[PDB]
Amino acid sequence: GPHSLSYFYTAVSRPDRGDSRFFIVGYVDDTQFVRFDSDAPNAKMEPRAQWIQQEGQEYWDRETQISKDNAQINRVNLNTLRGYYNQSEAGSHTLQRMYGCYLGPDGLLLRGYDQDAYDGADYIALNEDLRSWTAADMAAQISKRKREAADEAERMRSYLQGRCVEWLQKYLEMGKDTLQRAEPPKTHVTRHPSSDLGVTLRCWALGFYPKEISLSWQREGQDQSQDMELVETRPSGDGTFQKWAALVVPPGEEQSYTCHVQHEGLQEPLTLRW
């Protein structure tokens, strides 16, 4: 799939203290490369990838500044929205934003995006053409009118089309060894026989870099996905992922089943049996 640079903002109101807490994480594809946390003492934007550590104080001074400004503005956004919903000061609330650019095949923007959510409900999205907003309710209509009066949809469109893509291309270069190399899954089958219930065959894939993978089980030249248990792809915590698929088969039939693995880091689709 095409490369992506994405930023994820979370604000939480803290009414015990009458203040807020603010997080950002930056991603290129499935690699976190920066964070910020407004509760950190002398809070700054910190690298979370080796290949970004090299950036000078000039880079960190700008991101840290944006982060602090956003921590301040996002405090009052939470107050604003609480007013729009005529809500108590009792409760905690969350305001999320995400935005980013995909890198098209002719080195231009392919699909830029930008969206917000109050208490996990869609509030506003920038439209596909990036020249207009869609608002989910009466409160969101207030925010949308202000953004329209401020011509902010063209500011986002210029950013997504300009800086976002450009810095995606720079990051992809800086981290090409990790970011552009596909690690194929290390795979095996495990067998767990039971009292009197059938044998469980588990097909493991571990240490693959791009998150996207397909596991399936087949018997004699027919798919079996129908009754197979498939866990959600999970981080290994070293930047790779893992996944397994399991099914129960009659005692003695274990070699009648093959696991099929599809991942973009393999030369050919792969076939496993216990």
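The first residue of the sequence shown is number 1, and the count goes up from there.
Student: Can you let me know which of the two, 121-129 or 193-201, has the higher average C-alpha B-factor in the entry?
Tutor: Per the deposited B-factors, the answer is 193-201.
Student: Looking at the entry, does 179-187 or 159-167 show the higher mean C-alpha B-factor?
Tutor: The entry gives the higher C-alpha B-factor average to 179-187.
Student: Looking at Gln65, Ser225, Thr240, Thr233, which has the biggest Cα B factor in the entry?
Tutor: The record points to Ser225.
Student: Have a look at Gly56, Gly26, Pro41, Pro47 and flag the one whose Cα has the highest B-factor in the entry.
Tutor: Checking the PDB record, the top C-alpha B-factor among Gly56, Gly26, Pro41, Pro47 is at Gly56.
Student: How does the C-alpha B factor of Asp61 compare with the rest of the chain: lowest, middle or highest third?
Tutor: Middle third - that is where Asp61 ends up once the chain's C-alpha B-factors are sorted.
Student: Relative to the other modelled residues in the chain, which third contains the C-alpha temperature factor of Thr94: lowest, middle or highest?
Tutor: Within its chain, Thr94 is a lowest-third residue by C-alpha B-factor, going by the deposited values.
Student: Please rank the C-alpha B-factors of the chain's modelled residues and tell me whether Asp30 sits in the lowest, middle or highest third.
Tutor: Middle third.
Student: Looking at the temperature factor on the CA atom of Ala135, which third of the chain's modelled residues does it land in?
Tutor: For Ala135, whose C-alpha B-factor we compare with every modelled residue in the chain, the answer is the lowest third.
Student: Taking the values exactly as deposited, rank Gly112 by C-alpha B-factor within its chain and report the matching third: lowest, middle or highest.
Tutor: Middle third.
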